[PDB]
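These notes concern the structure reproduced below.
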Amino acid sequence: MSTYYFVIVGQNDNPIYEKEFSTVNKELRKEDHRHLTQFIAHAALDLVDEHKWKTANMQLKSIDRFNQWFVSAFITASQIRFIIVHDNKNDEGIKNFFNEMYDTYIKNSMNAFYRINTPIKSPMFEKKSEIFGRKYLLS
Amino acid sequence: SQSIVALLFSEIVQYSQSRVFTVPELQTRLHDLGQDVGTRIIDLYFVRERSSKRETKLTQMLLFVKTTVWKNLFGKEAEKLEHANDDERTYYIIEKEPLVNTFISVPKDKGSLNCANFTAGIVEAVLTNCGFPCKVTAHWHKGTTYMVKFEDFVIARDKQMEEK
Amino acid sequence: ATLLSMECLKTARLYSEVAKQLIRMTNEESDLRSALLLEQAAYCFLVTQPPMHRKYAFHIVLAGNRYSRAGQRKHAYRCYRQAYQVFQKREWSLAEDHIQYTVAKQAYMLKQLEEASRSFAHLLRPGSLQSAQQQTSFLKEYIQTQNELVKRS
Amino acid sequence: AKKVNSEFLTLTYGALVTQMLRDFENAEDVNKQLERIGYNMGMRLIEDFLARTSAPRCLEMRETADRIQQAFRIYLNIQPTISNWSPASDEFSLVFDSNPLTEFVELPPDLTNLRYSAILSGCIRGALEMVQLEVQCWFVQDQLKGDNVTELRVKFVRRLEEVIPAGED
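The listed protein sequences correspond, in order, to chains H, E, L and W.
Quick note on UniProt numbering: the first sequence kicks off at 1 and runs consecutively.
Quick note on UniProt numbering: the second sequence kicks off at 31 and runs consecutively.
Quick note on UniProt numbering: the third sequence kicks off at 509 and runs consecutively.
Quick note on UniProt numbering: the fourth sequence kicks off at 10 and runs consecutively.
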């Protein structure tokens with residue numbers, strides 16, 4: 001299995017919103033791993049900058065490695081970074097799964113209340129995250 | 031419709047004029063609102079027109095924005111997109127149709143700038159979220175034009191990419 | 509071999525490569541040699557470009573522990589100092605807070621208290637989502653800043 | 010060609026609402042000024058609604074109801090439904106089906122006292138002002154608030170016109 005974990009990196013590089021998709025265990029250690037993965041979000045940020053300057057497409061398969069984790073990076077026209085840390089990859093579905101969370105994030109965009117890198121608070125997006133994660137990643 | 035949007039936007043402008051005691055930062059409010067709309071205009075129009083495809087080439091992304099945003103917002107794509115060779119940071123997008131004067135506007139005696147600044151702020155938000163931060167200024171040069179000033183960092187990344 | 513790589517690529521300004529192969533070395537061969545090689549590879553990774561100090565910071569403190577463990581004190585101490593300065597450069601006090609709890613454990617005995625006091629003060633438990641051990645930790649921070657206030661008053 | 014997108018106007022209005030809430034923390038003032046600008050629009054808007062249909066001012070109140078009803082189809086391209094008249098048969102209820110300004114624009118529950126789209130509820134006010142028929146008009150069920158479909162309640166109060174078009178003023 002893969003301990004899927006999603007994280008948002010904003011336009012101004014500050015993190016925004018996470019969402020676990022892992023099995024239930026080691027949650028106290030998972031707090032330290034959450035600190036770790038925010039740091040990995042910054043490291044991704046840094047690498048995927050030049051790597052997205054290498055390309056012009058939406059998905060950059062997987063960039064960083066830490067001897068157990070895989071880091072999968074998604075870049076948008078919103079230049080947001082959507083990141084998954086996961087022991088074994090599931091990329092083939094998450095390409096369009098990122099596309100669908102992209103569409104939902106657009107839905108939040110039309111909500112002018114949600115604004116530039118303004119941290120997520122709506123229950124709508126949280127329940128969308130729950131249902132989508134139970135769909136593919138958390139499964 | 032057109033009257034509803036033209037008016038309602040006019041009340042945005044004049045209510046800002048209420049909260050604002052002078053021309054320039056009134057225009058700044060217009061810019062900020064243009065930003066707050068473009069900040070989603072960008073990635074809406076991404077999927078439905080750009081076919082969810084990113085354009086790293088400043089020319090291609092800028093041209094496609096020129097087509098798309100004007101095609102859907104105000105129907106007619108802006109007439110011309112030009113790059114100034116003296117200053118590669120500073121290009122122009124001339125739109126002969128004034129989107130302010132679509133709703134025929136105030137005498138520019140007591141004031142200078144208008145909804146032109148609002149759509150300029152839209153353009154600026156689109157640029158800065160496309161990974162090309164820029165300064166977009168409405169200018170009454172050859173009618174309505176938007177001067178775009180690229181960050182030396184952004185135009186430098188571009189020039190380095192423009193080393194095939 | 510990696511050191512000659514380091515120097516010769518430094519004769520090419522393209523330090524990125526040797527940055528990557530030194531960082532892939534330094535994980536292994538020890539927990540001590542891993543540490544000083546972690547900072548070697550780390551500052552070298554930073555030699556090419558000043559920013560992206562992120563994993564720099566992470567592994568250099570996750571090796572500063574080993575530095576306190578089995579290292580000569582001046583090098584381990586320059587570890588701690590340069591790591592912490594790199595933290596403040598681009599602040600992000602979240603994990604810096606726990607590493608400053610470590611700053612406190614070396615300050616509850618040796619270093620100055622006020623740095624840990626202000627570090628936890630900027631974290632400011634409500635609104636920073638601190639945890640049970642973190643509330644107890646800032647109780648202990650109150651104890652240290654009580655020592656400091658008493659010594660000032 | 011309708012020369013607009015529902016999303017476009019929705020973005021502009023949502024940004025404006027954001028702007029007021031950033032201006033005044035209290036939703037009371039944002040409601041006040043939003044109804045103020047609804048009055049402001051509704052005064053000029055009737056100048057175009059009567060630029061197409063030259064309906065007589067008010068033979069009866071159901072004429073006013075149908076006029077305001079067709080107004081939104083003219084502008085917002087939505088057909089409201091008129092129903093729920095009193096035994097007095099002066100008031101009525103009006104159903105807005107879909108609101109372009111609303112479309113997936115959530116509201117903060119920490120902001121409930123706001124009446125978001127009451128600009129329309131004021132536009133008719135500003136409209137009803139102009140034809141010399143002031144009206145106590147507001148919502149009884151709000152699709153915004155969590156209700157099924159939007160439902161505004163119109164209580165007409167009094168007239169301002171004599172057997173002459175000039176009327177009292």
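For each residue, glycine too, the CB sits at the ideal point set by N, CA and C.
So that I know if they touch, is there some Cβ in chain E lying closer than 8 Å to that of residue i?
{"i": "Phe-113 (chain W)", "result": "no"}
{"i": "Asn-88 (chain H)", "result": "no"}
{"i": "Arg-61 (chain W)", "result": "no"}
{"i": "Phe-17 (chain W)", "result": "yes"}
{"i": "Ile-106 (chain H)", "result": "yes"}
Consult DSSP for residue i and reduce its assignment to one of helix, strand or coil.
{"i": "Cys-164 (chain E)", "result": "strand"}
{"i": "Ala-591 (chain L)", "result": "helix"}
{"i": "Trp-53 (chain H)", "result": "helix"}
{"i": "residue 185 (chain W)", "result": "Residue 185 (chain W) is absent from the model: chain W starts at 10 and stops at 178."}
{"i": "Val-166 (chain W)", "result": "coil"}
{"i": "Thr-23 (chain H)", "result": "coil"}
{"i": "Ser-31 (chain E)", "result": "coil"}
{"i": "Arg-81 (chain H)", "result": "strand"}
{"i": "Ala-114 (chain E)", "result": "coil"}
{"i": "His-583 (chain L)", "result": "helix"}
{"i": "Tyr-575 (chain L)", "result": "helix"}
{"i": "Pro-109 (chain W)", "result": "coil"}
{"i": "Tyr-176 (chain E)", "result": "strand"}
{"i": "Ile-128 (chain W)", "result": "helix"}
{"i": "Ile-568 (chain L)", "result": "helix"}
{"i": "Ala-73 (chain H)", "result": "strand"}
Can you check which of these residues, the options, is closest to residue i by C-alpha distance?
{"i": "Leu-68 (chain W)", "options": "W:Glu-170, W:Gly-155, W:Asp-178 and W:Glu-177", "result": "W:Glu-170"}
{"i": "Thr-90 (chain W)", "options": "W:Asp-119, W:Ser-98, W:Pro-96 and W:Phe-81", "result": "W:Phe-81"}
{"i": "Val-53 (chain E)", "options": "E:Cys-145, E:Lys-194, E:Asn-159 and E:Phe-162", "result": "E:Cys-145"}
{"i": "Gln-152 (chain W)", "options": "W:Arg-124, W:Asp-99 and W:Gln-88", "result": "W:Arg-124"}
{"i": "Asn-108 (chain H)", "options": "H:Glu-27, H:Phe-125 and H:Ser-2", "result": "H:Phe-125"}
{"i": "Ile-131 (chain H)", "options": "H:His-86, H:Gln-11, H:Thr-104 and H:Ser-78", "result": "H:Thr-104"}
{"i": "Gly-161 (chain E)", "options": "E:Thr-174, E:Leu-37, E:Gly-141 and E:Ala-186", "result": "E:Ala-186"}
{"i": "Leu-92 (chain E)", "options": "E:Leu-143, E:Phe-76 and E:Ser-48", "result": "E:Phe-76"}
{"i": "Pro-128 (chain E)", "options": "E:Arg-70, E:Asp-116, E:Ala-155 and E:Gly-173", "result": "E:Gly-173"}
{"i": "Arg-45 (chain W)", "options": "W:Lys-164, W:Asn-157 and W:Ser-126", "result": "W:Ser-126"}
{"i": "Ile-128 (chain W)", "options": "W:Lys-164, W:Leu-25, W:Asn-157 and W:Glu-16", "result": "W:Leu-25"}
{"i": "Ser-576 (chain L)", "options": "L:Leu-544, L:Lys-528, L:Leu-632 and L:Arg-626", "result": "L:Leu-544"}
{"i": "residue 220 (chain W)", "options": "W:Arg-66, W:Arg-134 and W:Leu-30", "result": "Only positions 10 to 178 of chain W appear in this structure, which leaves residue 220 (chain W) out of reach."}
{"i": "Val-594 (chain L)", "options": "L:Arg-626, L:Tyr-551 and L:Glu-623", "result": "L:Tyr-551"}
{"i": "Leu-621 (chain L)", "options": "L:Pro-558, L:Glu-604, L:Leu-554 and L:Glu-649", "result": "L:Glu-649"}
{"i": "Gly-105 (chain E)", "options": "W:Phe-17, W:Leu-30, W:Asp-75 and W:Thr-27", "result": "W:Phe-17"}
{"i": "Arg-134 (chain W)", "options": "W:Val-166, W:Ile-83 and W:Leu-30", "result": "W:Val-166"}
{"i": "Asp-188 (chain E)", "options": "H:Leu-36, H:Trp-53 and H:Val-71", "result": "H:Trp-53"}
{"i": "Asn-88 (chain H)", "options": "H:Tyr-102, H:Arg-29, H:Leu-137 and H:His-33", "result": "H:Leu-137"}
{"i": "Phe-101 (chain W)", "options": "W:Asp-38, W:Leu-110, W:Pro-118 and W:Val-144", "result": "W:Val-144"}
Hey, is residue i's beta-carbon within less than 8 Å of any beta-carbon in chain L?
{"i": "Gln-11 (chain H)", "result": "no"}
{"i": "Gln-38 (chain H)", "result": "yes"}
Counting only C-beta atoms, is residue i closer than 8 Å to chain W at any point?
{"i": "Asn-111 (chain H)", "result": "yes"}
{"i": "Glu-41 (chain E)", "result": "yes"}
{"i": "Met-124 (chain H)", "result": "yes"}
{"i": "residue 154 (chain H)", "result": "This structure cannot speak to residue 154 (chain H), because chain H is shown only from 1 to 139."}
Confirm, please, whether the CB-CB distance from residue j to residue i is below 8 Å.
{"i": "residue 229 (chain E)", "j": "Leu-56 (chain E)", "result": "Outside the modelled stretch of chain E, which goes from 31 to 194, sits residue 229 (chain E), for which no answer is possible."}
{"i": "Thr-19 (chain W)", "j": "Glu-112 (chain W)", "result": "yes"}
{"i": "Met-177 (chain E)", "j": "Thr-120 (chain E)", "result": "yes"}
{"i": "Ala-41 (chain H)", "j": "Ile-80 (chain H)", "result": "no"}
{"i": "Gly-131 (chain W)", "j": "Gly-47 (chain W)", "result": "yes"}
{"i": "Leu-60 (chain H)", "j": "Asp-13 (chain H)", "result": "no"}
{"i": "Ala-612 (chain L)", "j": "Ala-591 (chain L)", "result": "no"}
{"i": "residue 195 (chain E)", "j": "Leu-60 (chain E)", "result": "In the structure as shown, chain E starts at 31 and stops at 194, and residue 195 (chain E) therefore has no counterpart that could be examined."}
{"i": "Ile-120 (chain H)", "j": "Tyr-4 (chain H)", "result": "no"}
{"i": "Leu-103 (chain W)", "j": "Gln-78 (chain W)", "result": "yes"}
{"i": "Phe-21 (chain H)", "j": "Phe-39 (chain H)", "result": "no"}
{"i": "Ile-116 (chain H)", "j": "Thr-69 (chain E)", "result": "yes"}
{"i": "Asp-73 (chain E)", "j": "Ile-106 (chain H)", "result": "yes"}
Please report whether the beta-carbon of residue i lies at a distance below 8 Å from any beta-carbon of chain H.
{"i": "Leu-540 (chain L)", "result": "no"}
{"i": "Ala-603 (chain L)", "result": "yes"}
{"i": "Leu-88 (chain E)", "result": "no"}
Problem set entry | Residues of the stretch 46-67 of chain E whose Cβ lies closer than 7 Å to any Cβ of chain W, in chain order | The residues in question are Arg-49, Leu-63, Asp-66 and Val-67.
Exercise. Quick one, which residues of the stretch 542-570 of chain L are near chain H if we go by CB-CB under 7 Å, in chain order?
Worked result: Answer set for the stretch 542-570 of chain L: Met-560, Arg-562, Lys-563 and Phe-566.
For this session: With 8 Å as the C-beta to C-beta threshold (strictly closer), list the residues of the stretch 53-83 of chain H near chain L in chain order.
Result: Hits within the stretch, in order: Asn-67.
For this session: May I ask you to list, following chain order, the residues of the stretch 130-147 of chain E that have a beta carbon less than 8 Å from some beta carbon of chain H?
Result: Listed in chain order, the positions of the stretch 130-147 of chain E with a beta carbon within less than 8 Å of a beta carbon of chain H would be empty, since no residue qualifies.
For this session: Using a Cβ-Cβ cut-off of less than 7 Å, give me the residues of the stretch 146-172 of chain E that come near chain H, in sequence order.
Result: Listed in chain order, the positions of the stretch 146-172 of chain E with a beta carbon within less than 7 Å of a beta carbon of chain H are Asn-159, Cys-160 and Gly-161.
For this session: For the stretch 64-80 of chain W, enumerate the residues whose C-beta is nearer than 7 Å to any C-beta of chain E, in chain order.
Result: For the stretch 64-80 of chain W, which is checked against every Cβ of chain E, not one residue is closer than 7 Å.
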